[PDB]
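The structure appears below as structure tokens.
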Amino acid sequence: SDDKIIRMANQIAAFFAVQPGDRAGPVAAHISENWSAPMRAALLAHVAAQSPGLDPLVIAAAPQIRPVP
Amino acid sequence: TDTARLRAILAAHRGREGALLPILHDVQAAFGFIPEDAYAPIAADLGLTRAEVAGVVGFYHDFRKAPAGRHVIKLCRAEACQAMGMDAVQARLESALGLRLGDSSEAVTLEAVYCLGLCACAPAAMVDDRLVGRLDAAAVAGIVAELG
Amino acid sequence: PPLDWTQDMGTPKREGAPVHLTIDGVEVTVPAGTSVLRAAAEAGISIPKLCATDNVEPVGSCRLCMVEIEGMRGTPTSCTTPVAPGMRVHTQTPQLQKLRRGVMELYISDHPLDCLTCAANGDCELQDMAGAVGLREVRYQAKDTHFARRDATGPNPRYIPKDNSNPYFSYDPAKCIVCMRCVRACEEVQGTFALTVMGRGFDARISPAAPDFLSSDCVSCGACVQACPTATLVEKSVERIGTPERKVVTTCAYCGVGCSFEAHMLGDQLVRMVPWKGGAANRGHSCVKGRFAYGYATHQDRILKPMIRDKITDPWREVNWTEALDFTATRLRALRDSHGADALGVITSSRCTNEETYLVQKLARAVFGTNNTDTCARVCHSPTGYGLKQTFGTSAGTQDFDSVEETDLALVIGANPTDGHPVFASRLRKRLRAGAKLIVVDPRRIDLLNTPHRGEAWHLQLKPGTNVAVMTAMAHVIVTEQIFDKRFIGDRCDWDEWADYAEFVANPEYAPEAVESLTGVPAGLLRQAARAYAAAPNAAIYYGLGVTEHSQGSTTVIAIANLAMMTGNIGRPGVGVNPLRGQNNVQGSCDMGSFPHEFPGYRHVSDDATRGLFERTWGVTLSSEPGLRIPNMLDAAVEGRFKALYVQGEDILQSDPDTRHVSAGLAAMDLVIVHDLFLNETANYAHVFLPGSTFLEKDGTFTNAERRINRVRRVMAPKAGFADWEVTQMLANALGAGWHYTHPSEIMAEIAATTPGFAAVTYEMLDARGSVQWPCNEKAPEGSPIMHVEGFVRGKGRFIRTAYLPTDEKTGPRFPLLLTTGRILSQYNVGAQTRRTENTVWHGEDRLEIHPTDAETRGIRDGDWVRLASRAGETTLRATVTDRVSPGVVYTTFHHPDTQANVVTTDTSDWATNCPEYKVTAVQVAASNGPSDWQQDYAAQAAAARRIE
Ligand SMILES: Nc1nc2c(c(=O)[nH]1)N[C@H]1C(S)=C(S)[C@@H](COP(=O)(O)OP(=O)(O)OC[C@H]3O[C@@H](n4cnc5c(=O)[nH]c(N)nc54)[C@H](O)[C@@H]3O)O[C@H]1N2
Ligand SMILES: Nc1nc2c(c(=O)[nH]1)N[C@H]1C(S)=C(S)[C@@H](COP(=O)(O)OP(=O)(O)OC[C@H]3O[C@@H](n4cnc5c(=O)[nH]c(N)nc54)[C@H](O)[C@@H]3O)O[C@H]1N2
Ligand code: SF4
Ligand code: SF4
Ligand code: SF4
Ligand code: SF4
Ligand code: FES
Ligand code: FES
Ligand SMILES: [Mo+6]
Ligand SMILES: [S]
């Protein structure tokens, strides 16, 4: 019962976590450069709705994601 | 108990330089020929291919492809031994056994060797790891007598 | 142009200082090692030769290349005679005429006079060298002959009956001239020693150690058939058909090695395909597929007319082009106006050219008005383009395949070049037999490890999934020790990041002694391998689908690049981090867009400076948002908000994971167009169908793994009447774009003008030079054979902290074993091209390489039927017990659709590029008779849906 989008986000976070320096900036930039409108919207909705099964790094990076029109 | 013997042989010749020839010698000495069921393991343990292991076996005459008879009779056919009448010995002997040159059987196997070092003793033969020289038309009698 | 192409020179070309010599009154200048024969060839003075070829080293068998040299006693052979300064040689004296006549006499005394009724008439090297010397009589009344079926008093014991076991070539020894150009080629070039000379002397006959070629260790490469002068080993297509007249240079539609072939043609009927001795990808060598498997183009199952359906449950309808395109465009515009432009999408094909790929990405971007495009790259080698982008800056290779000639070590992670890329494996073995060392990190014993006349070799037989732990351990070993190059780091890379990387990797938890528990590889062996890799002067990494296709692929690739940067194996011939690309033009497809986040040239889509240029060149407004990926596409279609799809040259059903889910997502799709040659697994859910064109009927280019741009020429004529780019522009104009392309030259010009790298690319260049590496601008006009030679592309390499995360595909009670999926040499990925050939001999059924100890407990035996009870499906397959794989590991193949293998595969994928996890799946292998509940339904659907009316 994991949403594919949440899963991908948590994966990306688990990766970008072990890195040095800004860990959330790169995450947000990647999510912005790779994901589409509906997906970004869904993820933002997730992070705004406080859905469980999510990495706090993603919760922190969400505000920095490329805005959805 | 074929795989066992072969593995032992290959272990005995492990790490050598150009160990194919010795391994094949030992194999032939054990069984009596190079079985086609032993072209692969040798190749594997040596890092060769069945093809090369077969080519090597084919090129060389000392490696039998099938077994010989209970007895073997090699008979020089070179110049010196020819000089002092090897043809006559050959004829007498092949009439005695009834097997022409190269013609094998389950009883014996008459073949050529083309030298034994017994050049001074021109008529020379190898009967079952026993060399014989000065093979007149009388010695053949004893050759066949001890050789049923 | 070079002579090595048109003319068969005598001996291989050597490197050395300039040596001057006089060949029959002609001054010549050639390297020192070069032989007399090759120099005479280069001088235009031809000397008769039959047993000497460029592919292999010379041997003194024929004795027909004899030449009188001043200062040398007798008539020495040119082939085995190295040139010396000031040497004056005489090619044709009377004595030599006489001697050559005599030798040809001795030949022909044992040869049948079947000339004029033999396959190789006009293409035989014995006939022209028998006429060249001027043989007019044979005085030897021969009684002992090999060809005579019946000798005096009865049968000839020497006569060996013909062998037609192999469906592609035949071996008639009656015509053999023992010269051994077959043996020499099979041993020196291909590297599989399957041919030998059985016997001593006149009795000597070529033979494999088996009854027939097929039963032997022959992989069907045709290097013996290419090097056999006297029709002994001959292609069957030359027996059925006459000897060909003209030649045309094309390339293979497989493997991404880009082996350059010349199709020998008799009118329009393709007689055969033989390598060209050109292209640095293959120097006159090939494999079964490209060499022989080209009969799919002449198959009856090929579809040649458009077909419209209007409902999958309804039958097809053979239809002309106009109304087909009309219906298609109508439905497309409807769906577009209803659900939006983002409700569409395309799936480009690597199999196709880069011109067609460009047209398709244009169709998806300019016409449709979306960024939803994709390709096969997304299931294979997408993580590569992320890792090597994050580290170096280029999402591509680093070296060519000639680099391997100068390597001193080869580290192979997740590759099987003996099957995947045979012609690369050949040139690898060429080196392995010459001292170079080898490390293999695959969990499964590959045939590259068991190569003959091998040097040293290490094999890290690990557990699938733990590929980054091993790399991390290698790094820990190299860093705890001090073997790495500090000068390289300080010059080409950064230090401040290197310090952090070292302080991280130097932790004693990522050490080889702790990973042995989870990885399964011994510690000492790993340390030894690491030390060997670090110590060697010029090492080279070759990686494939054992790193990319995993839950952590980009991470592994990054670790590998870190290794390659640390050690200093970059920016030089013999060293580099080479991904082994798959399909042809995967590189070219990825370069020409084929991705939902970029434009042609690996430029991001959000780049305003790029979008401007493209809106200016196409005169249309483009989007700045990145598009959906195939997984996303299918998940959407399942959820909705995705209705259309234009599948070009791809099988989204058989060649994709979770067959159930992808099928459910392909079904809920108001329109799914198909553009393949044959009726495919994907076309069972189609509403429309547009025929395609083979590489023989095409015209354009292919961008292979080593960034090489090979040129594809038209030999036949399109049987559907139109090539793929023609169909694509048809569709585009029918929708309203307004393109006018009459030749792909204009398209390539467009490409050049738009993106850089291809700015200097022109078909004339490709013809003259022959091949080009795509990084070719005004700077570096000739090309870029080697990347990062002078500093990296981004400017400074980047060391990234990689780590091992436990995969979610761990194994448990009801799924104890693991799973893997791979390939075979004979058959290609889905075998829609190859199953329709005679390559169903070597592989006609997919099987399961299970371990013996993991078979006894279950009751499995070789040849039994088993079921793979997985989590994401179920399937049945024929077993094969083998000690190749490790215990607790399994290996399947996906070439055949009768067995739905990808229904077992799970949806789990990489994090960055979402490349699926094909190489890990927790399964349960049990014994069963009934095939399956899924395979049955699939067969039923395919039967009820492939009916035409
Ligand atoms: N279990 C498992 N599954 C895998 C993989 C794995 O390793 N394991 N690998 C994945 C990867 S590496 C990839 S490349 C895919 C490859 O497999 P696919 O992506 O399926 O591509 P192909 O095998 O070429 O066949 C697909 C269709 O396109 C058609 N076609 C071929 N040439 C042409 C042409 O010139 N013009 C046109 N118009 N059509 C053409 C073919 O005939 C066929 O019908 O498989 C993926 N699936
Ligand atoms: N004759 C023929 N040629 C082909 C193809 C074909 O199907 N037939 N396919 C084409 C295509 S499109 C592809 S992508 C290319 C690439 O083809 P390759 O790069 O050769 O990839 P594969 O043969 O699928 O398998 C890679 C090897 O690594 C092993 N492995 C599995 N899991 C792991 C792991 O966790 N770690 C490590 N280190 N290794 C692992 C696999 O079991 C297998 O032996 O080849 C192309 N060439
Ligand atoms: S192989 Fe050549 S020489 Fe021999 S019969 Fe055929 S065409 Fe004549
Ligand atoms: S086809 Fe290739 S592998 Fe087979 S015998 Fe000929 S050269 Fe050797
Ligand atoms: S088969 Fe052909 S290449 Fe081989 S020895 Fe005979 S004639 Fe020469
Ligand atoms: S499949 Fe690969 S190695 Fe074989 S001919 Fe085609 S490009 Fe060359
Ligand atoms: S010649 Fe027969 S003995 Fe030496
Ligand atoms: S011609 Fe040079 S030896 Fe055969
Ligand atoms: Mo691929
Ligand atoms: S691929």
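Ordering of the structure tokens sets the chain letters (A, B, ...); residue numbers start at 1 within each chain; ligands are numbered from 1 in the order shown.
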- Task: List all protein, DNA and RNA residues that have an atom no more than 8 Å from any atom of ligand 6, counting only C-alpha atoms and all ligand atoms, and report them as an MDAnalysis selection string.
- Result: chainID C and resid 251:260 281:282 285:291 420:424 584
- Hey, list the chain C side of the contact with chain B: 6 Å cut-off, only C-alpha atoms, answer as number ranges by chain. C: 194-200, 209, 452
Same residues, C-alpha atoms, saved as a PDB file, in the first residue's frame:
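That gives us again_39.pdb:
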ATOM      1  CA  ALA C 194      36.645 -25.536 -32.554  1.00  0.00           C
ATOM      2  CA  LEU C 195      38.624 -26.532 -35.629  1.00  0.00           C
ATOM      3  CA  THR C 196      41.757 -28.636 -35.908  1.00  0.00           C
ATOM      4  CA  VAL C 197      43.791 -30.675 -38.366  1.00  0.00           C
ATOM      5  CA  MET C 198      43.105 -34.342 -37.713  1.00  0.00           C
ATOM      6  CA  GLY C 199      45.850 -36.503 -39.161  1.00  0.00           C
ATOM      7  CA  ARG C 200      49.463 -36.288 -40.244  1.00  0.00           C
ATOM      8  CA  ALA C 209      36.101 -32.885 -32.689  1.00  0.00           C
ATOM      9  CA  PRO C 452      41.139 -20.888 -24.190  1.00  0.00           C
TER      10      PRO C 452
END
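Across the structure, atom CA of residue B:113 and atom CA of residue B:70 are spaced 18.2 Å apart.
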Excluding residue A:63 and its own-chain neighbours fewer than 6 positions away, which residues fall within 10 Å of it when counting only C-alpha atoms? Please give them as a VMD selection string. chain A and resid 25 28 44 47 to 48
**Study point:** Distance-based interface of chain C with chain A, 6 Å, counting only C-alpha atoms, as a PyMOL selection string
**Key:** chain C and resi 626-627+801+911
Would you put the residues from that selection into a file with N, CA, C and O atoms, as an mmCIF file, in the first residue's frame?
data_model
loop_
_atom_site.group_PDB
_atom_site.id
_atom_site.type_symbol
_atom_site.label_atom_id
_atom_site.label_comp_id
_atom_site.auth_asym_id
_atom_site.auth_seq_id
_atom_site.Cartn_x
_atom_site.Cartn_y
_atom_site.Cartn_z
ATOM 1 N N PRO C 626 9.326 18.387 -18.092
ATOM 2 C CA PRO C 626 9.782 17.080 -18.561
ATOM 3 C C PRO C 626 8.622 16.104 -18.656
ATOM 4 O O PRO C 626 7.652 16.234 -17.908
ATOM 5 N N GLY C 627 8.722 15.136 -19.557
ATOM 6 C CA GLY C 627 7.613 14.246 -19.828
ATOM 7 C C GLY C 627 7.571 13.019 -18.946
ATOM 8 O O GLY C 627 8.368 12.873 -18.021
ATOM 9 N N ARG C 801 29.888 9.955 -2.501
ATOM 10 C CA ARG C 801 29.857 8.952 -1.446
ATOM 11 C C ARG C 801 28.777 7.916 -1.722
ATOM 12 O O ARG C 801 27.600 8.138 -1.442
ATOM 13 N N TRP C 911 16.320 4.396 -8.748
ATOM 14 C CA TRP C 911 15.759 5.576 -8.102
ATOM 15 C C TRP C 911 15.749 6.776 -9.044
ATOM 16 O O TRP C 911 14.810 7.570 -9.035
#
request  = With only C-alpha atoms and all ligand atoms counted, collect every polymer residue having an atom within 6 Å of ligand 3; state the result as a ChimeraX atom specification.
outcome  = /C:112-115,118,120-121,124,126-127,175,230-231
Note to self: Using only C-alpha atoms and all ligand atoms, which residues of the polymer chains come no farther than 8 Å from ligand 4? I'd like the answer as a list in words.
What the structure shows: residues 182, 183, 185, 186, 187, 189, 190, 191, 192, 193, 194, 195, 208, 213, 217, 218, 219, 220, 221, 222, 223, 224, 225, 287 and 288 of chain C
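For residue B:84, the residues within 9 Å (counting only C-alpha atoms, excluding itself and residues fewer than 3 positions away along the chain) are residues 80, 81, 87, 121, 122, 123 and 134 of chain B.
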*Test item: residues lying within 6 Å of ligand 2 with only C-alpha atoms and all ligand atoms, as number ranges by chain*: C: 255, 380, 413-417, 419-421, 441-444, 464-467, 544-547, 580-583, 820, 822-829, 919
Generate the output file for the selected residues, C-alpha atoms, as a PDB file, in the first residue's frame.
ATOM      1  CA  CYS C 255      24.258  -5.437 -30.440  1.00  0.00           C
ATOM      2  CA  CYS C 380      18.718  -0.608 -20.115  1.00  0.00           C
ATOM      3  CA  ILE C 413      31.132  -5.958 -14.060  1.00  0.00           C
ATOM      4  CA  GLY C 414      27.764  -7.283 -15.145  1.00  0.00           C
ATOM      5  CA  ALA C 415      28.591  -8.189 -18.724  1.00  0.00           C
ATOM      6  CA  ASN C 416      28.780 -11.280 -20.905  1.00  0.00           C
ATOM      7  CA  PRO C 417      30.516 -10.083 -24.084  1.00  0.00           C
ATOM      8  CA  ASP C 419      26.943 -13.440 -26.020  1.00  0.00           C
ATOM      9  CA  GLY C 420      25.994  -9.781 -25.783  1.00  0.00           C
ATOM     10  CA  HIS C 421      28.834  -8.324 -27.850  1.00  0.00           C
ATOM     11  CA  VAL C 441      32.376  -9.737 -10.966  1.00  0.00           C
ATOM     12  CA  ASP C 442      29.363 -11.624 -12.315  1.00  0.00           C
ATOM     13  CA  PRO C 443      27.502 -14.067 -10.004  1.00  0.00           C
ATOM     14  CA  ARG C 444      27.341 -16.500 -12.901  1.00  0.00           C
ATOM     15  CA  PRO C 464      22.878 -10.551  -7.219  1.00  0.00           C
ATOM     16  CA  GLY C 465      22.128  -7.127  -5.767  1.00  0.00           C
ATOM     17  CA  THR C 466      25.350  -6.625  -3.847  1.00  0.00           C
ATOM     18  CA  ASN C 467      27.248  -4.841  -6.608  1.00  0.00           C
ATOM     19  CA  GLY C 544      26.730  -3.719 -18.682  1.00  0.00           C
ATOM     20  CA  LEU C 545      23.347  -4.702 -17.290  1.00  0.00           C
ATOM     21  CA  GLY C 546      24.604  -6.202 -14.049  1.00  0.00           C
ATOM     22  CA  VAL C 547      25.092  -2.713 -12.664  1.00  0.00           C
ATOM     23  CA  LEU C 580      28.501  -1.880 -23.246  1.00  0.00           C
ATOM     24  CA  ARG C 581      25.503  -0.387 -25.024  1.00  0.00           C
ATOM     25  CA  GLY C 582      22.930  -2.782 -26.414  1.00  0.00           C
ATOM     26  CA  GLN C 583      20.648  -2.125 -29.363  1.00  0.00           C
ATOM     27  CA  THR C 820      18.126 -13.389 -13.092  1.00  0.00           C
ATOM     28  CA  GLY C 822      19.948 -12.760 -19.554  1.00  0.00           C
ATOM     29  CA  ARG C 823      20.721 -13.592 -23.158  1.00  0.00           C
ATOM     30  CA  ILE C 824      22.091 -16.023 -25.719  1.00  0.00           C
ATOM     31  CA  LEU C 825      24.347 -15.554 -28.742  1.00  0.00           C
ATOM     32  CA  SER C 826      21.955 -17.023 -31.292  1.00  0.00           C
ATOM     33  CA  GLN C 827      18.774 -15.144 -30.436  1.00  0.00           C
ATOM     34  CA  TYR C 828      18.067 -11.448 -29.962  1.00  0.00           C
ATOM     35  CA  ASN C 829      16.086  -9.769 -27.192  1.00  0.00           C
ATOM     36  CA  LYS C 919      18.349  -9.032 -12.445  1.00  0.00           C
TER      37      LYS C 919
END
As an NGL selection string, list the residues of stretch 21-115 of chain B assigned to strand (DSSP E or B) by DSSP on the backbone atoms of this structure.
:B and (73-75 or 104 or 109-111)
Dump as a tab-separated table (two decimals), in the first residue's frame, selection limited to N, CA, C and O atoms:
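Final file, selection_0.tsv:
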chain	number	residue	atom	x	y	z
B	73	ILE	N	53.93	-56.53	-32.12
B	73	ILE	CA	55.17	-56.82	-32.81
B	73	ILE	C	55.50	-55.66	-33.74
B	73	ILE	O	54.90	-55.51	-34.81
B	74	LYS	N	56.45	-54.85	-33.31
B	74	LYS	CA	56.96	-53.78	-34.15
B	74	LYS	C	58.18	-54.30	-34.90
B	74	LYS	O	58.99	-55.02	-34.34
B	75	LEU	N	58.29	-53.92	-36.16
B	75	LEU	CA	59.32	-54.45	-37.03
B	75	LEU	C	59.84	-53.34	-37.92
B	75	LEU	O	59.11	-52.81	-38.76
B	104	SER	N	45.97	-55.62	-37.74
B	104	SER	CA	45.93	-55.95	-36.32
B	104	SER	C	44.92	-57.06	-36.06
B	104	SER	O	44.26	-57.54	-36.98
B	109	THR	N	49.39	-57.66	-33.08
B	109	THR	CA	49.37	-56.45	-33.88
B	109	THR	C	50.73	-56.24	-34.52
B	109	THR	O	51.69	-55.87	-33.84
B	110	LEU	N	50.80	-56.47	-35.82
B	110	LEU	CA	52.06	-56.32	-36.55
B	110	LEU	C	52.14	-54.93	-37.16
B	110	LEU	O	51.26	-54.52	-37.90
B	111	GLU	N	53.21	-54.21	-36.84
B	111	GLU	CA	53.35	-52.83	-37.30
B	111	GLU	C	54.80	-52.45	-37.52
B	111	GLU	O	55.71	-53.23	-37.23
### Message
Within 6 Å of ligand 5 (counting only C-alpha atoms and all ligand atoms), which residues show up? I'd like them as a ChimeraX atom specification.
### Response
/C:176-182,227-230,232-233
Requested in this report: Within 6 Å of ligand 7, which residues show up when you count only C-alpha atoms and all ligand atoms? List them as a PyMOL selection string, please.
Outcome: chain B and resi 76+78-81+114-119+122+124
Taking only C-alpha atoms and all ligand atoms into account, which residues have an atom no farther than 6 Å from ligand 1? I'd like them as a ChimeraX atom specification. /C:351-352,376,379-380,583,648-651,655-656,675-678,680,692-695,724,821-822,829-830,832-833,894,902,918
Taking only C-alpha atoms and all ligand atoms and a cut-off of 12 Å, can you tell me which residues surround ligand 8, written as a PyMOL selection string?
chain C and resi 9-11+35-38+46-54+56-67+75-82+100+103-104+125-126+129+177-181
Who sits within 8 Å of stretch 7-16 of chain B, only C-alpha atoms, same chain under 5 positions skipped, as a ChimeraX atom specification: /B:22-23,26-27,42,45
Using N, CA and C atoms, can you export the residues from the last selection as a PDB file, in the first residue's frame?
ATOM      1  N   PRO B  22      52.954 -35.323 -21.866  1.00  0.00           N
ATOM      2  CA  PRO B  22      53.112 -36.277 -20.761  1.00  0.00           C
ATOM      3  C   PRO B  22      51.797 -36.848 -20.241  1.00  0.00           C
ATOM      4  N   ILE B  23      50.785 -35.996 -20.130  1.00  0.00           N
ATOM      5  CA  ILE B  23      49.490 -36.423 -19.631  1.00  0.00           C
ATOM      6  C   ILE B  23      48.929 -37.480 -20.569  1.00  0.00           C
ATOM      7  N   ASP B  26      50.733 -40.800 -20.153  1.00  0.00           N
ATOM      8  CA  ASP B  26      50.295 -41.495 -18.948  1.00  0.00           C
ATOM      9  C   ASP B  26      48.918 -42.110 -19.154  1.00  0.00           C
ATOM     10  N   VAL B  27      48.043 -41.375 -19.832  1.00  0.00           N
ATOM     11  CA  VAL B  27      46.705 -41.865 -20.122  1.00  0.00           C
ATOM     12  C   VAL B  27      46.794 -43.134 -20.956  1.00  0.00           C
ATOM     13  N   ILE B  42      40.864 -33.440 -19.966  1.00  0.00           N
ATOM     14  CA  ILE B  42      42.243 -33.022 -20.173  1.00  0.00           C
ATOM     15  C   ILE B  42      42.254 -31.569 -20.622  1.00  0.00           C
ATOM     16  N   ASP B  45      41.251 -29.204 -17.677  1.00  0.00           N
ATOM     17  CA  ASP B  45      42.287 -29.065 -16.666  1.00  0.00           C
ATOM     18  C   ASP B  45      43.522 -28.348 -17.201  1.00  0.00           C
TER      19      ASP B  45
END
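Considering only C-alpha atoms, the residue among C:512, C:720, C:358, C:543 positioned nearest to residue C:302 is C:720.
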Using only C-alpha atoms, which residues sit within 9 Å of stretch 739-746 of chain C once same-chain residues fewer than 5 positions away are excluded, as a count of residues only? 13
